[PDB]
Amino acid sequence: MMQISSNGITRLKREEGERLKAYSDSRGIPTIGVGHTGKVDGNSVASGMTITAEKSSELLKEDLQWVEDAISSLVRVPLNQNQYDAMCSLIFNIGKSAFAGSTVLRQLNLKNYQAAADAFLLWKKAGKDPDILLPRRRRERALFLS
């Protein structure tokens, strides 16, 4: 089955931000790497923990399994790697349920790939800002179409 590429990982890290020192996120959840909140080598993330970029990649691939599974489950048409990598980035952000209900998905499964790419741009709001995710969506759309 398909898998995220090295370029896909690099681009996703850029979009998400990578933090090699543990921190408490805006909700209070200990986090490290690229959004990793689960255990790291058998222990909970905690103040003072540091990891390498390569460990951060390892953890991110573990945390992307639900994303890759969702694409495998939901998408029934061919994807090139750039399309796949872009979708990984979108889905990692908006979540599986949002993607399952999305125009991106519906258009993809009709093989309207340009329309699916354009539908990335709908996923632009966060909180009280109607367009804060639009620059990310544009970069993902560009990758999808590349």
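Quick note: we count residues from 1 along the sequence shown, nothing fancier.
On average, which has the higher Cα B-factor in the deposited entry, 48 to 56 or 22 to 30? Of 22 to 30 and 48 to 56, the stretch with the higher C-alpha B-factor average is 48 to 56.
Output the stretch having the higher mean C-alpha B factor in the entry; the candidates are 85 to 93 and 98 to 106. It is 98 to 106 that shows the higher mean C-alpha B-factor.
Please say which third, lowest, middle or highest, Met1 falls into when its CA temperature factor is compared across its chain. According to the entry, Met1 has a C-alpha B-factor in the chain's highest third.
Would you check the entry's CA temperature factor for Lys13 and let me know if it's in the chain's lowest, middle or highest third? CA B-factor rank for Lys13: middle third.
Taking the chain's C-alpha temperature factors as the reference, tell me which third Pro135 falls into: lowest, middle or highest. Within its chain, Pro135 is a lowest-third residue by C-alpha B-factor, going by the deposited values.
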